[PDB]
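**Q** File upload.txt below, compact mmCIF, C-alpha atoms and all ligand atoms:
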```txt
# COMPACT_ATOMS: atom_id res chain seq x y z
CA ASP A 1 98.54 57.12 76.73
CA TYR A 2 98.05 60.84 77.72
CA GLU A 3 100.31 60.32 80.83
CA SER A 4 102.72 57.97 78.86
CA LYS A 5 103.31 60.83 76.31
CA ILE A 6 104.14 63.29 79.18
CA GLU A 7 106.34 60.64 80.98
CA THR A 8 108.36 60.22 77.70
CA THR A 9 108.70 64.06 77.36
CA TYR A 10 110.30 64.51 80.87
CA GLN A 11 112.15 61.11 81.10
CA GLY A 12 115.99 60.83 81.02
CA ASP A 13 118.86 61.56 83.48
CA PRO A 14 118.15 64.82 85.42
CA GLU A 15 122.02 65.26 85.45
CA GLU A 16 121.81 65.51 81.59
CA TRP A 17 118.80 67.93 81.85
CA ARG A 18 120.90 70.16 84.24
CA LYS A 19 123.52 70.77 81.47
CA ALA A 20 120.68 71.95 79.12
CA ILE A 21 118.24 73.99 81.31
CA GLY A 22 120.32 74.77 84.47
CA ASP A 23 121.10 73.19 87.90
CA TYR A 24 117.63 74.21 89.31
CA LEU A 25 115.93 72.35 86.37
CA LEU A 26 113.33 75.19 86.09
CA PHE A 27 111.47 74.77 82.73
CA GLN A 28 109.26 77.86 82.11
CA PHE A 29 111.71 80.55 80.85
CA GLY A 30 113.04 83.56 82.80
CA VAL A 31 113.41 87.37 83.11
CA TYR A 32 116.66 89.27 82.31
CA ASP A 33 115.63 92.69 83.76
CA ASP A 34 116.08 92.09 87.57
CA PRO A 35 118.52 94.72 88.98
CA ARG A 36 119.84 91.99 91.40
CA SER A 37 120.91 89.74 88.41
CA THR A 38 124.64 90.26 87.62
CA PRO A 39 125.40 89.52 83.90
CA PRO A 40 125.91 86.96 82.49
CA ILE A 41 122.42 85.89 83.71
CA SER A 42 122.14 82.05 83.98
CA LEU A 43 118.93 80.07 83.17
CA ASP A 44 118.70 79.36 86.97
CA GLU A 45 118.90 83.12 87.80
CA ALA A 46 116.44 84.16 85.02
CA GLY A 47 113.98 81.37 86.06
CA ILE A 48 113.93 82.13 89.83
CA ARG A 49 113.78 85.97 89.33
CA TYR A 50 110.75 85.36 86.98
CA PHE A 51 109.04 83.32 89.76
CA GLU A 52 109.92 86.04 92.36
CA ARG A 53 108.35 88.70 90.02
CA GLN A 54 105.16 86.54 89.80
CA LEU A 55 105.00 86.31 93.66
CA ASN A 56 105.60 90.14 93.85
CA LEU A 57 102.70 90.72 91.36
CA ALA A 58 100.49 88.29 93.42
CA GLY A 59 101.02 90.54 96.54
CA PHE A 60 103.46 88.26 98.51
CA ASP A 61 106.03 91.09 99.18
CA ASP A 62 103.25 92.83 101.24
CA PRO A 63 103.45 91.69 104.93
CA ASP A 64 99.78 92.72 105.69
CA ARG A 65 98.32 89.51 104.08
CA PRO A 66 97.24 86.14 105.57
CA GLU A 67 99.81 83.45 106.63
CA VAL A 68 100.58 80.89 103.86
CA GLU A 69 99.75 77.57 105.63
CA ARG A 70 99.23 75.33 102.53
CA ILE A 71 100.82 75.46 99.02
CA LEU A 72 100.06 73.40 95.86
CA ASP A 73 102.47 73.13 92.87
CA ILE A 74 100.46 71.64 89.91
CA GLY A 75 102.96 69.91 87.53
CA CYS A 76 105.91 70.42 89.88
CA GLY A 77 108.71 69.49 87.37
CA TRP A 78 112.05 68.57 89.09
CA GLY A 79 110.88 70.23 92.36
CA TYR A 80 112.89 73.52 92.62
CA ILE A 81 109.75 75.78 92.95
CA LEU A 82 108.63 73.68 96.00
CA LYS A 83 112.21 73.85 97.45
CA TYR A 84 112.28 77.69 96.92
CA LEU A 85 108.77 78.10 98.46
CA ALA A 86 109.74 75.98 101.55
CA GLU A 87 112.67 78.42 102.17
CA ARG A 88 110.59 81.58 101.36
CA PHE A 89 107.69 80.36 103.61
CA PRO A 90 109.66 78.66 106.44
CA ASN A 91 106.51 78.50 108.70
CA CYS A 92 104.51 76.70 105.92
CA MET A 93 104.40 73.04 107.11
CA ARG A 94 102.49 71.64 104.05
CA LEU A 95 103.62 72.13 100.41
CA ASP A 96 101.99 69.65 97.98
CA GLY A 97 103.40 68.82 94.52
CA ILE A 98 101.47 66.84 91.87
CA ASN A 99 103.07 65.42 88.69
CA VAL A 100 102.29 62.63 86.13
CA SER A 101 106.09 62.09 85.50
CA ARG A 102 107.34 59.33 87.89
CA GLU A 103 111.02 60.11 86.99
CA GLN A 104 110.57 63.83 87.94
CA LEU A 105 108.76 62.81 91.22
CA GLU A 106 111.58 60.31 92.07
CA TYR A 107 114.12 63.19 91.54
CA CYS A 108 111.92 65.65 93.58
CA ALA A 109 111.78 63.12 96.50
CA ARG A 110 115.62 62.68 96.57
CA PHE A 111 116.32 66.47 96.06
CA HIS A 112 113.87 67.55 98.84
CA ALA A 113 115.14 64.79 101.24
CA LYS A 114 118.79 65.98 100.65
CA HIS A 115 117.63 69.51 101.73
CA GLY A 116 115.72 68.24 104.86
CA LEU A 117 112.27 69.02 103.30
CA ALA A 118 110.81 65.44 102.98
CA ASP A 119 108.34 66.14 105.89
CA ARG A 120 107.21 69.64 104.68
CA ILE A 121 106.85 68.77 100.92
CA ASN A 122 104.37 66.01 99.88
CA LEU A 123 104.72 64.57 96.33
CA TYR A 124 101.79 62.77 94.56
CA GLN A 125 101.50 61.01 91.19
CA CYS A 126 98.26 62.87 90.40
CA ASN A 127 96.77 64.31 87.18
CA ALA A 128 95.63 67.98 87.64
CA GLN A 129 92.05 66.85 86.73
CA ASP A 130 92.04 64.42 89.78
CA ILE A 131 93.02 67.05 92.44
CA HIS A 132 89.74 66.17 94.38
CA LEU A 133 91.86 63.12 95.58
CA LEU A 134 94.47 65.35 97.38
CA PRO A 135 94.13 64.73 101.15
CA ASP A 136 92.89 66.99 103.98
CA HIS A 137 89.84 68.76 102.44
CA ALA A 138 89.70 70.75 105.78
CA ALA A 139 92.92 72.65 104.73
CA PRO A 140 92.35 74.88 101.66
CA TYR A 141 95.31 76.17 99.54
CA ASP A 142 96.61 79.74 100.19
CA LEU A 143 98.97 79.66 97.17
CA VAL A 144 98.72 77.51 94.00
CA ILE A 145 101.51 77.47 91.35
CA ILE A 146 100.75 76.40 87.73
CA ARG A 147 104.11 77.18 86.00
CA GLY A 148 104.33 76.14 82.31
CA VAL A 149 101.85 73.22 82.66
CA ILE A 150 98.41 74.08 81.09
CA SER A 151 100.04 74.06 77.56
CA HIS A 152 99.99 70.20 78.06
CA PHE A 153 96.18 70.27 78.82
CA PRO A 154 93.45 69.68 76.24
CA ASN A 155 90.77 72.41 76.76
CA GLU A 156 88.38 69.94 78.53
CA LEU A 157 91.15 68.94 81.02
CA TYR A 158 91.97 72.67 81.66
CA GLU A 159 88.27 73.47 82.39
CA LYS A 160 87.74 70.35 84.64
CA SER A 161 91.10 71.06 86.46
CA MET A 162 90.17 74.71 87.26
CA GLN A 163 86.61 73.58 88.36
CA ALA A 164 88.27 70.97 90.67
CA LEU A 165 90.87 73.53 91.96
CA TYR A 166 88.50 76.45 92.71
CA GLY A 167 86.68 74.76 95.68
CA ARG A 168 90.05 73.82 97.32
CA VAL A 169 91.41 77.45 97.22
CA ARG A 170 90.91 79.50 100.44
CA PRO A 171 88.84 82.65 99.76
CA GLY A 172 91.57 85.33 99.33
CA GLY A 173 93.98 82.61 98.07
CA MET A 174 96.19 83.21 95.00
CA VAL A 175 96.70 81.00 91.89
CA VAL A 176 99.99 82.00 90.15
CA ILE A 177 100.00 80.77 86.51
CA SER A 178 102.58 80.99 83.67
CA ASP A 179 101.59 79.61 80.23
CA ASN A 180 102.62 79.92 76.54
CA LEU A 181 99.56 81.33 74.66
CA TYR A 182 98.89 82.19 70.96
CA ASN A 183 98.29 85.87 70.00
CA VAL A 184 96.98 84.74 66.51
CA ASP A 185 93.57 82.98 65.95
CA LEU A 186 94.48 81.40 62.49
CA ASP A 187 96.36 78.35 61.05
CA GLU A 188 99.55 79.73 59.37
CA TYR A 189 101.46 77.65 56.69
CA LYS A 190 94.54 78.64 73.86
CA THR A 191 94.36 82.47 73.38
CA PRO A 192 94.60 85.02 76.23
CA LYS A 193 90.79 85.62 75.91
CA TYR A 194 89.85 81.88 76.22
CA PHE A 195 92.57 81.27 78.91
CA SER A 196 91.24 84.12 81.12
CA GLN A 197 87.54 83.23 80.47
CA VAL A 198 87.97 79.64 81.87
CA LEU A 199 89.32 81.13 85.17
CA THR A 200 86.63 83.90 85.50
CA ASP A 201 83.82 81.45 84.43
CA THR A 202 85.06 79.12 87.26
CA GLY A 203 84.55 82.05 89.73
CA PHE A 204 88.20 83.26 90.07
CA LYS A 205 88.72 87.07 89.99
CA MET A 206 91.51 88.23 87.59
CA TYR A 207 94.23 89.93 89.77
CA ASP A 208 97.04 90.49 87.18
CA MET A 209 97.48 89.29 83.55
CA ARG A 210 100.47 90.47 81.42
CA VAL A 211 103.11 89.24 78.93
CA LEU A 212 105.95 88.07 81.25
CA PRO A 213 108.64 87.24 80.50
CA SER A 214 108.94 89.62 77.47
CA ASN A 215 109.05 87.88 74.02
CA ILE A 216 112.82 88.79 73.82
CA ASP A 217 113.49 87.28 77.34
CA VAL A 218 111.71 83.98 76.38
CA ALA A 219 113.79 83.94 73.12
CA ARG A 220 117.00 84.59 75.18
CA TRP A 221 116.16 81.66 77.56
CA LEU A 222 115.48 79.33 74.56
CA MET A 223 118.62 80.37 72.58
CA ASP A 224 120.78 80.04 75.80
CA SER A 225 119.36 76.51 76.45
CA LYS A 226 120.08 75.72 72.73
CA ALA A 227 123.73 76.91 73.17
CA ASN A 228 123.96 74.77 76.40
CA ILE A 229 122.72 71.58 74.57
CA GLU A 230 125.11 72.22 71.59
CA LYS A 231 128.08 72.81 74.00
CA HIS A 232 127.38 69.91 76.46
CA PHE A 233 126.04 67.39 73.83
CA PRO A 234 128.26 68.13 70.78
CA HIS A 235 127.67 64.54 69.42
CA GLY A 236 123.85 64.99 69.50
CA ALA A 237 121.16 65.34 72.19
CA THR A 238 118.08 63.02 71.86
CA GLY A 239 114.37 62.92 72.82
CA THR A 240 113.10 66.13 74.46
CA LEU A 241 116.57 67.85 74.62
CA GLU A 242 117.08 67.46 70.81
CA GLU A 243 113.44 68.68 70.27
CA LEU A 244 114.18 71.67 72.63
CA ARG A 245 117.37 72.45 70.61
CA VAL A 246 115.18 72.51 67.38
CA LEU A 247 112.02 74.17 68.92
CA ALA A 248 114.31 76.96 70.38
CA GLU A 249 114.90 78.57 66.90
CA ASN A 250 111.27 78.16 65.63
CA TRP A 251 109.73 79.31 68.99
CA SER A 252 112.23 82.26 69.26
CA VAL A 253 111.22 83.32 65.66
CA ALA A 254 107.48 83.08 66.66
CA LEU A 255 108.27 85.21 69.79
CA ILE A 256 110.18 87.98 67.85
CA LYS A 257 107.19 88.05 65.38
CA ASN A 258 104.80 88.25 68.44
CA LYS A 259 102.88 85.15 67.13
CA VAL A 260 103.13 83.72 70.71
CA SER A 261 103.87 85.15 74.21
CA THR A 262 104.38 83.74 77.74
CA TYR A 263 101.76 85.28 80.12
CA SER A 264 101.83 85.74 83.92
CA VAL A 265 98.19 85.01 84.95
CA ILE A 266 97.40 85.65 88.67
CA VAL A 267 93.81 85.06 89.88
CA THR A 268 92.28 85.10 93.39
CA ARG A 269 89.28 83.31 94.88
CA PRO A 270 87.08 86.22 96.05
CA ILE A 271 86.49 86.75 99.80
CA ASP A 272 82.67 86.40 99.48
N1 LIG B 301 97.87 66.62 83.49
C1 LIG B 301 98.94 66.87 84.23
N2 LIG B 301 98.85 66.74 85.57
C2 LIG B 301 99.94 67.00 86.31
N3 LIG B 301 101.14 67.40 85.93
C3 LIG B 301 101.20 67.53 84.59
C4 LIG B 301 100.18 67.29 83.70
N4 LIG B 301 100.60 67.53 82.40
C5 LIG B 301 101.85 67.90 82.53
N5 LIG B 301 102.28 67.92 83.83
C6 LIG B 301 103.60 68.29 84.32
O1 LIG B 301 103.77 69.67 84.11
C7 LIG B 301 105.18 69.96 83.99
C8 LIG B 301 105.42 70.82 82.77
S1 LIG B 301 107.10 71.50 82.71
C9 LIG B 301 107.08 72.72 84.06
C10 LIG B 301 107.65 72.18 85.36
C11 LIG B 301 107.67 73.19 86.51
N6 LIG B 301 106.31 73.74 86.78
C12 LIG B 301 108.64 74.33 86.19
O2 LIG B 301 108.19 75.49 86.17
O3 LIG B 301 109.82 74.02 85.98
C13 LIG B 301 105.89 68.61 83.97
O4 LIG B 301 106.41 68.31 85.26
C14 LIG B 301 104.76 67.65 83.58
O5 LIG B 301 105.00 66.32 84.01
```
Transcribe the structure of this file into structure tokens.
Ligand SMILES: Nc1ncnc2c1ncn2[C@@H]1O[C@H](CSCC[C@H](N)C(=O)O)[C@@H](O)[C@H]1O

**A**
Amino acid sequence: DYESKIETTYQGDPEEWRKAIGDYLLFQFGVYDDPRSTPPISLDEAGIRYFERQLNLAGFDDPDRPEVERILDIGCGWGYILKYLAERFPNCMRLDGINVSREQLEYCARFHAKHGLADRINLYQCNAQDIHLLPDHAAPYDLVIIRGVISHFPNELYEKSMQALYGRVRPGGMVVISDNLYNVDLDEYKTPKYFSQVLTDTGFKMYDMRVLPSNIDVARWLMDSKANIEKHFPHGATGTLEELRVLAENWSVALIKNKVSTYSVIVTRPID
């Protein structure tokens, strides 16, 4: 039922999703402050510049760092992050994606194949808590992406997932996380502290943690996706797209009030 509830969330025609969240189908917000972004900044542009800023903060614009031989994308959505990483790391011959959504994985497979990446990118129906089942234990991960996923995890699944992940990360390896955390510890009519503590308790060293994108940039992404749904589905969106259209206002209000932020959380497995 856990996986059924996530399958329902991300089900529906990817071609419909494109009209709402952009052609790249990236679904963890974006940054609007990149000097390379020419206004008006699209959801696609905001989303990929946000990911590029995360990789910059994780040290991947420095050439004096180890070769990236193996990549994991935990909760790989509609597969654009894996496609981007295959082009950014053209000598990386193994990029693994895990997802519980069969419809997203079926789209990922077709999208990657179209781009000649079917043999470099491996896609698994695999819950983050079962990552011990990923093949080739001899090849640790140099780079792990967890972009807008852990919000779907009960605390126990988050802890077990990070415990499972840690042993499979190469010492010196980077885990690049984006999640939507609460700044307020009360019921009003995961916190940064708890979120960070799970990673450090696991044995990861904190490398960089910050609000990113800014509250106003997350609000802009949400209100732009809302405008997209209202323009492209004037007669009514349904399921997750209608929920997104409604959540956009309430979440944007929470963001302006600083009740919630999106955090860039980059940890490393220590070279010990
Ligand atoms: N327990 C779990 N194990 C694996 N993937 C999960 C998961 N719970 C949620 N997911 C996946 O996490 C994703 C959340 S949406 C984010 C998608 C992508 N990382 C992006 O940045 O666009 C979805 O693809 C969802 O199916």

**Q** Between A:15, A:188, A:23, A:130, which is the closest to ligand LIG 301 (chain B) once you count all atoms listed in the file?

**A**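 Nearest candidate to ligand LIG 301 (chain B) out of A:15, A:188, A:23, A:130: A:130.
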
**Q** Taking all atoms listed in the file and a cut-off of 6 Å, can you tell me which residues surround ligand LIG 301 (chain B), written as an mmCIF file with C-alpha atoms, in the coordinates of the input?

**A**
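The result, written out as part-v2.cif:
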```
data_model
loop_
_atom_site.group_PDB
_atom_site.id
_atom_site.type_symbol
_atom_site.label_atom_id
_atom_site.label_comp_id
_atom_site.auth_asym_id
_atom_site.auth_seq_id
_atom_site.Cartn_x
_atom_site.Cartn_y
_atom_site.Cartn_z
ATOM 1 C CA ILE A 6 104.140 63.290 79.180
ATOM 2 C CA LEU A 26 113.330 75.190 86.090
ATOM 3 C CA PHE A 27 111.470 74.770 82.730
ATOM 4 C CA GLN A 28 109.260 77.860 82.110
ATOM 5 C CA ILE A 74 100.460 71.640 89.910
ATOM 6 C CA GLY A 75 102.960 69.910 87.530
ATOM 7 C CA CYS A 76 105.910 70.420 89.880
ATOM 8 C CA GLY A 77 108.710 69.490 87.370
ATOM 9 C CA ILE A 98 101.470 66.840 91.870
ATOM 10 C CA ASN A 99 103.070 65.420 88.690
ATOM 11 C CA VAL A 100 102.290 62.630 86.130
ATOM 12 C CA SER A 101 106.090 62.090 85.500
ATOM 13 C CA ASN A 127 96.770 64.310 87.180
ATOM 14 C CA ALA A 128 95.630 67.980 87.640
ATOM 15 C CA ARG A 147 104.110 77.180 86.000
ATOM 16 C CA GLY A 148 104.330 76.140 82.310
ATOM 17 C CA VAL A 149 101.850 73.220 82.660
ATOM 18 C CA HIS A 152 99.990 70.200 78.060
#
```

**Q** Quick one: everything within 12 Å of residue A:195, counting all atoms listed in the file, minus sequence neighbours fewer than 5 positions away in the same chain. Send it as JSON, numbers by chain.

**A** {"A": [150, 151, 153, 154, 155, 158, 159, 162, 177, 178, 179, 180, 181, 182, 183, 190, 200, 201, 202, 206, 209, 263, 264, 265, 266, 267]}

**Q** Measure the distance from atom CA of residue A:221 to atom CA of residue A:44 in Å and round it to one decimal.

**A** 10.0 Å

**Q** Check which residues of stretch 1-34 of chain A sit at most 12 Å from stretch 107-125 of chain A using all atoms listed in the file, and return one row each with the closest pair of atoms and their distance in Å to one decimal, ordered by chain and rising number, as CSV.

**A**
```
residue,atom,partner,partner_atom,distance
A:3,CA,A:125,CA,10.5
A:7,CA,A:125,CA,11.3
A:10,CA,A:107,CA,11.4
A:11,CA,A:107,CA,10.8
A:12,CA,A:107,CA,10.9
A:13,CA,A:107,CA,9.5
A:14,CA,A:107,CA,7.5
A:15,CA,A:107,CA,10.2
A:17,CA,A:107,CA,11.8
A:23,CA,A:111,CA,11.6
A:24,CA,A:111,CA,10.4
A:25,CA,A:108,CA,10.6
```

**Q** So how far away is atom CA of residue A:88 from atom CA of residue A:220, in Å?

**A**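 Taking atom CA of residue A:220 and atom CA of residue A:88, their separation equals 27.1 Å.
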